[PDB]
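Written below as structure tokens is the structure these notes are about.
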Amino acid sequence: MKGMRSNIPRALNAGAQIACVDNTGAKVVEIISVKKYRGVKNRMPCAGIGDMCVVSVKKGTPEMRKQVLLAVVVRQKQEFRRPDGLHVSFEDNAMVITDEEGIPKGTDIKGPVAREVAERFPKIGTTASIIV
Amino acid sequence: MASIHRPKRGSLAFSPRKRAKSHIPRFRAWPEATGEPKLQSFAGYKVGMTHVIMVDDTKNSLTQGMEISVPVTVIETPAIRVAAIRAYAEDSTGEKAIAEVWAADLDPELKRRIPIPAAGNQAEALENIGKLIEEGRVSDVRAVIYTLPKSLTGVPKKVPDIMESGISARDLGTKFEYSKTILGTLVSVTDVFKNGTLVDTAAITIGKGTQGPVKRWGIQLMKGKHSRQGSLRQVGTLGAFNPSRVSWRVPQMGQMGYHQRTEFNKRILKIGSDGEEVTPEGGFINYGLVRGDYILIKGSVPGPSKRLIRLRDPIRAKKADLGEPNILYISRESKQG
Amino acid sequence: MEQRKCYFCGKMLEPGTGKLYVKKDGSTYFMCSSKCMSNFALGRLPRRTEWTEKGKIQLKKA
RNA sequence: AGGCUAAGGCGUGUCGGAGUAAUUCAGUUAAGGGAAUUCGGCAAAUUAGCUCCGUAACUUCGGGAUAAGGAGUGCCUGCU
RNA sequence: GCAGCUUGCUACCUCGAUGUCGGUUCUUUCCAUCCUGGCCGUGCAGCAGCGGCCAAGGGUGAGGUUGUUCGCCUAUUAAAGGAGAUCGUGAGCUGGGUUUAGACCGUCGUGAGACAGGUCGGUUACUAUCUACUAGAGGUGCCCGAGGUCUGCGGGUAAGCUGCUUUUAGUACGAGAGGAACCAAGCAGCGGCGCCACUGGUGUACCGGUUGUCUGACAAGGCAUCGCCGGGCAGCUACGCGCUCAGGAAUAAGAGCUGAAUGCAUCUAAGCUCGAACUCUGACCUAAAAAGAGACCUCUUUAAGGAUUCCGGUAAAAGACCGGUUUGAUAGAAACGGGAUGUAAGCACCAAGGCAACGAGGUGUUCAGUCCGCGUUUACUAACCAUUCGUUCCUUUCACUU
Ligand SMILES: [Mg+2]
Ligand SMILES: [Mg+2]
Ligand SMILES: [Zn+2]
């Protein structure tokens, strides 16, 4: 996809549980796999900020529960550096349920999201309220 | 057997991995001359690292036109002396040294490396070389230079380092004339490299002594229940039943570090003259403070501090002429704590 | 270079260094080192430790 | 009990020096993730004393039961 | 017909023992090609397919059941190819299955017992003699003696491989729906080599708080895993950072030119031109012990120079290597700069209280005290004093010397 100005470590790991931060109707998801990732032997797939990955809904409304979907990471607790020299970090990981293009199913996002996903996916930028 | 494929561990393009036979990097290939006469190399001593804030100007880059932070290595480069001229002859069995003429005036501290040559033939030897080139026997000319580490303070040694460089021109006669003009003089780093250009660096890397397969080749440890059965950092198998031998491509333990390595396309960001512009408070750790002229190199450079770094103009560069970087701030914070 | 001040020790950040800790609500804090970050995450208030600048401010009128 | 000291018995659970590699026996710590490792949570970690509140399905009515799940605890001054 | 990668057939070797199945680790080989490179045909408009030819350089992964190989299934992916190496690999590992002794269930037997059926349990020995390989040293050979700088007979390499997005372009093509390619740019995954300015880990130097106890109390200390908890410099390190190309020559399948046998025609019979991630060259690492055992220069043959002693570290398992030695900042002390922790002891005032004695604690002296395996200045102490090879040794087997 389009390159990002910043450098993002791949913090979250395939098997991780994230707290989805939208109003689609799910609370917790389970990262199954990461789009556009080959890998090598013995290495678990991993995902970072602005990575589209397929998940599974673990806690939420009955109709949404047990559904394989697509989502991207908007925050991560593992630090990453700006182009001009600085390190940014968060208190908690987060994710939003979206489509293949990037339109998020939710029309409201809670909490801040990293500006780099805002530049990569403009729709997440517009749907958010506070960007840091 | 359903095998899972894995790329080979480590690189065999650098074997055998043994200690370098000298403490001075030697160049095997010289570039093709594309301009006026000049030396193709230079020498200096590594000091340490800092970072600078420069307006980005790399063409087509994402971060163009905005500030960025870059790591830079500071290298001390006192002026060198061109001490001799060497002539080579081409035949079936490759080049062969056929003549040398030394300069009349030399530094008294060169006696520590070799006994000082005495001023015998200077004009007659040079005209001898000229006659050889006139009769079409000589093919190329190389210059012999040495460093003068007595002016520095962070480098304990006081004995010069001798090495051979190359002259860049489009004809043998021009090379000979330029070598005659510059023989027995001092050449500053500015006379060789222009600010903003690319260079190639060579040096002996840091030595780690004898190391095992895990840290020498990056093989996998023993996992799970096998991690507490007796062999954790040893290699899995030394070979098959047949052939009945251990291959040279199997990872084993031995010397690690202190080899010769080359880095490509390192950019020169600033040619300085006064050392107060790079010295942090308290000086560099284990070195001291800079006293002469220096040079800033983008990125990292092989070898530790107080190691000799050789520089030559690029041999496999792609990009066109870049331009003078715009340095805004050079960090002089304490490296300590 | 833009000048940003450390939240805990009240010290200017050298360019090319420092950190940025963003909170769940959205509040942002600037940390100049690991000492400030560690004392922040531990629970200390800048007003109470007197090696910080704010602590000096309360101790001047003490 | 475990820890720290008396009396009593010892420096003899009878090889020393030097301090610099890999590897090995037994330990301390580890960002982000949290069983994705493996035949299998093997191994290691978590919890842990005392007081108070509260305590399920089932039941041979004896139990289950320390169920589960929460709160308090130092030092100083004066007392009942 | 080929292969010996499934199962059979035989009984040539091994019963004074060649340690079984599967998985794990690591290395390599084959091509009968799954992807990546190049071509041909089509019932090939474009996109995407179907079939065949050359090509083994690189890639070929993560998970659920099962001891499993095999096989089924899940979400990615350019694709998630198949075989060989004593069904590679137990003086490397594991012990799940099979294959001992114990017991249960079903079926056989009159019974001891059996199953080719199921289930639970069940010891993994050794100090490396030879050779091979990975690294480090000492000799002897070539050679005027010593030192330096080079060449390069050779050896090695994947040092890079592969995707996504943007432009070309909503263009060619197509009725529309749909929809490419040459060049150009960035980013990413994996691999390789390095480094420590920034971030993270450790940091049994160091600073602080505190529990139990001991040295009579304060002060300062011992022991309890560094007693435990908090912070952390230097160094080491990755989860951090830097670099990571072509161009050319000769070719395979294949496409052509010229051209006769066979007046014509024909890519072939001579001859010639193009043509791949293959091969060679070019980058990169190593290499005079290259027996054709090298070239050049300088200094000097009772010397040049080399070693040992001495002060050290860019180096280091021992050896080796790289520096200094009074004509000197090589190591240490002193002071200062730069840092770590967090405001020392005593003294004064206040303190909930208490007739009083005492009083946890707070404020001031005090960014204090304590410490620095970092730098600067400075000969203040130590780098002094010497030995040894560059003579076969004695003999006058001597060109010497009493
Ligand atoms: Mg001993
Ligand atoms: Mg074996
Ligand atoms: Zn701060």
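Going through the structure tokens in order, the chains are called A, B, and so on, while each chain numbers its residues from 1 and the ligands are numbered from 1 in the order shown.
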- Message: Taking 2 positions as the minimum chain separation for residues in the same chain, which residues sit within 8 Å of stretch 143-159 of chain B when counting only C-alpha atoms (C1' of nucleotides)? Answer as a PyMOL selection string.
- Response: (chain B and resi 43-44+78-86+109-110+112-113+141+161-167+179+287-292+306) or (chain E and resi 323-324+330)
- Task: From stretch 86-198 of chain B, collect each residue whose DSSP state is helix (DSSP H, G or I) and return the set as a ChimeraX atom specification.
- Result: /B:108-112,123-134,172-182,189-191
Would you write out those residues with N, CA, C and O atoms, as a short mmCIF file (atom, residue, chain, number, x, y, z; two decimals), in the first residue's frame?
data_model
loop_
_atom_site.label_atom_id
_atom_site.label_comp_id
_atom_site.auth_asym_id
_atom_site.auth_seq_id
_atom_site.Cartn_x
_atom_site.Cartn_y
_atom_site.Cartn_z
N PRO B 108 60.17 13.12 10.28
CA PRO B 108 61.10 12.32 11.09
C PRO B 108 60.46 11.17 11.83
O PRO B 108 61.16 10.21 12.18
N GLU B 109 59.16 11.21 12.09
CA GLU B 109 58.49 10.14 12.82
C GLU B 109 58.15 8.95 11.94
O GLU B 109 57.67 7.94 12.46
N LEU B 110 58.39 9.03 10.63
CA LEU B 110 58.25 7.87 9.76
C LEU B 110 59.32 6.82 10.03
O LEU B 110 59.18 5.69 9.55
N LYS B 111 60.36 7.15 10.79
CA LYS B 111 61.39 6.18 11.14
C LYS B 111 60.84 5.06 12.02
O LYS B 111 61.48 4.00 12.12
N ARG B 112 59.70 5.27 12.67
CA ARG B 112 59.12 4.23 13.50
C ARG B 112 58.55 3.09 12.68
O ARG B 112 58.57 1.94 13.12
N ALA B 123 65.44 13.71 -9.67
CA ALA B 123 65.16 14.15 -11.03
C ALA B 123 65.45 13.05 -12.04
O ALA B 123 64.67 12.84 -12.98
N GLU B 124 66.56 12.34 -11.87
CA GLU B 124 66.91 11.27 -12.79
C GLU B 124 65.90 10.13 -12.74
O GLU B 124 65.53 9.58 -13.78
N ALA B 125 65.44 9.76 -11.55
CA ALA B 125 64.44 8.70 -11.45
C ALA B 125 63.12 9.12 -12.09
O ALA B 125 62.47 8.32 -12.78
N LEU B 126 62.70 10.37 -11.87
CA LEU B 126 61.47 10.85 -12.49
C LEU B 126 61.58 10.86 -14.01
O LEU B 126 60.64 10.47 -14.71
N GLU B 127 62.73 11.30 -14.54
CA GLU B 127 62.89 11.27 -15.99
C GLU B 127 63.01 9.85 -16.51
O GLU B 127 62.62 9.57 -17.65
N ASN B 128 63.52 8.93 -15.69
CA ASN B 128 63.51 7.51 -16.05
C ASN B 128 62.09 7.01 -16.23
O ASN B 128 61.76 6.35 -17.23
N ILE B 129 61.22 7.33 -15.28
CA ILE B 129 59.81 6.96 -15.39
C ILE B 129 59.19 7.61 -16.62
O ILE B 129 58.37 7.01 -17.32
N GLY B 130 59.56 8.86 -16.89
CA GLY B 130 59.04 9.55 -18.05
C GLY B 130 59.44 8.87 -19.35
O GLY B 130 58.64 8.75 -20.27
N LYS B 131 60.70 8.43 -19.43
CA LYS B 131 61.15 7.71 -20.62
C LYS B 131 60.41 6.38 -20.76
O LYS B 131 60.05 5.98 -21.87
N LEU B 132 60.17 5.69 -19.64
CA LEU B 132 59.42 4.44 -19.69
C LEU B 132 58.01 4.67 -20.23
O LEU B 132 57.53 3.90 -21.07
N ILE B 133 57.34 5.72 -19.75
CA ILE B 133 56.00 6.02 -20.26
C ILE B 133 56.07 6.44 -21.72
O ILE B 133 55.17 6.14 -22.51
N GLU B 134 57.14 7.15 -22.10
CA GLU B 134 57.30 7.59 -23.48
C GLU B 134 57.46 6.42 -24.43
O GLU B 134 56.96 6.47 -25.56
N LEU B 172 47.57 8.44 -19.29
CA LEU B 172 48.73 8.16 -18.46
C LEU B 172 49.63 9.38 -18.33
O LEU B 172 50.18 9.63 -17.25
N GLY B 173 49.81 10.13 -19.42
CA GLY B 173 50.65 11.32 -19.34
C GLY B 173 50.10 12.34 -18.36
O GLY B 173 50.86 12.97 -17.61
N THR B 174 48.78 12.53 -18.35
CA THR B 174 48.18 13.45 -17.40
C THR B 174 48.39 12.97 -15.96
O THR B 174 48.67 13.77 -15.07
N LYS B 175 48.24 11.66 -15.73
CA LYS B 175 48.47 11.13 -14.39
C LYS B 175 49.90 11.37 -13.95
O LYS B 175 50.16 11.76 -12.81
N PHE B 176 50.86 11.14 -14.85
CA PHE B 176 52.25 11.35 -14.50
C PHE B 176 52.53 12.82 -14.20
O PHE B 176 53.23 13.14 -13.24
N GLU B 177 51.99 13.72 -15.02
CA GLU B 177 52.21 15.15 -14.78
C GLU B 177 51.61 15.58 -13.44
O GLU B 177 52.26 16.30 -12.67
N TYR B 178 50.39 15.14 -13.15
CA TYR B 178 49.76 15.51 -11.88
C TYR B 178 50.53 14.94 -10.70
O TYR B 178 50.71 15.61 -9.67
N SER B 179 50.99 13.69 -10.81
CA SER B 179 51.78 13.09 -9.75
C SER B 179 53.08 13.85 -9.52
O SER B 179 53.52 14.02 -8.38
N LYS B 180 53.72 14.31 -10.60
CA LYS B 180 54.90 15.14 -10.45
C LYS B 180 54.56 16.45 -9.74
O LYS B 180 55.33 16.92 -8.89
N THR B 181 53.42 17.04 -10.07
CA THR B 181 53.04 18.31 -9.45
C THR B 181 52.78 18.15 -7.95
O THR B 181 53.18 19.01 -7.15
N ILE B 182 52.11 17.07 -7.55
CA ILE B 182 51.68 16.94 -6.15
C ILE B 182 52.65 16.16 -5.29
O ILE B 182 52.38 15.96 -4.10
N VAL B 189 41.52 17.07 3.07
CA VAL B 189 40.37 16.25 2.71
C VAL B 189 39.46 16.97 1.73
O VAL B 189 38.77 16.33 0.93
N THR B 190 39.44 18.30 1.77
CA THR B 190 38.61 19.07 0.85
C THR B 190 39.09 18.94 -0.59
O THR B 190 38.28 19.07 -1.52
N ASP B 191 40.38 18.67 -0.80
CA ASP B 191 40.90 18.52 -2.15
C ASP B 191 40.48 17.21 -2.81
O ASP B 191 40.71 17.05 -4.01
#
Each chain A residue no farther than 10 Å from chain C, nearest pair in Å, only C-alpha atoms, as JSON lines:
{"residue": "A:77", "atom": "CA", "partner": "C:21", "partner_atom": "CA", "distance": 9.8}
{"residue": "A:79", "atom": "CA", "partner": "C:19", "partner_atom": "CA", "distance": 8.9}
{"residue": "A:80", "atom": "CA", "partner": "C:19", "partner_atom": "CA", "distance": 9.6}
{"residue": "A:81", "atom": "CA", "partner": "C:19", "partner_atom": "CA", "distance": 8.8}
{"residue": "A:82", "atom": "CA", "partner": "C:16", "partner_atom": "CA", "distance": 9.7}
{"residue": "A:83", "atom": "CA", "partner": "C:16", "partner_atom": "CA", "distance": 9.8}
{"residue": "A:84", "atom": "CA", "partner": "C:16", "partner_atom": "CA", "distance": 7.0}
{"residue": "A:85", "atom": "CA", "partner": "C:16", "partner_atom": "CA", "distance": 4.4}
{"residue": "A:86", "atom": "CA", "partner": "C:19", "partner_atom": "CA", "distance": 5.7}
{"residue": "A:87", "atom": "CA", "partner": "C:19", "partner_atom": "CA", "distance": 4.6}
{"residue": "A:88", "atom": "CA", "partner": "C:20", "partner_atom": "CA", "distance": 4.6}
{"residue": "A:89", "atom": "CA", "partner": "C:21", "partner_atom": "CA", "distance": 5.3}
{"residue": "A:90", "atom": "CA", "partner": "C:22", "partner_atom": "CA", "distance": 5.1}
{"residue": "A:91", "atom": "CA", "partner": "C:23", "partner_atom": "CA", "distance": 6.2}
{"residue": "A:92", "atom": "CA", "partner": "C:24", "partner_atom": "CA", "distance": 7.5}
{"residue": "A:110", "atom": "CA", "partner": "C:25", "partner_atom": "CA", "distance": 9.1}
{"residue": "A:111", "atom": "CA", "partner": "C:25", "partner_atom": "CA", "distance": 6.2}
{"residue": "A:112", "atom": "CA", "partner": "C:26", "partner_atom": "CA", "distance": 6.0}
{"residue": "A:113", "atom": "CA", "partner": "C:26", "partner_atom": "CA", "distance": 9.3}
{"residue": "A:114", "atom": "CA", "partner": "C:22", "partner_atom": "CA", "distance": 10.0}
{"residue": "A:130", "atom": "CA", "partner": "C:26", "partner_atom": "CA", "distance": 7.4}
{"residue": "A:131", "atom": "CA", "partner": "C:26", "partner_atom": "CA", "distance": 8.3}
{"residue": "A:132", "atom": "CA", "partner": "C:26", "partner_atom": "CA", "distance": 7.5}
- Item | Contact set, chain A to chain D: 7 Å, only C-alpha atoms (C1' of nucleotides), as a PyMOL selection string | chain A and resi 11-16+44+78
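Once stretch 69-74 of chain A and its same-chain neighbours fewer than 4 positions away are set aside, residues 48, 49, 50, 51, 52, 53, 54, 55, 56, 94, 95, 96, 97, 98, 99, 100, 113, 114 and 117 of chain A remain within 7 Å of it when counting only C-alpha atoms (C1' of nucleotides).
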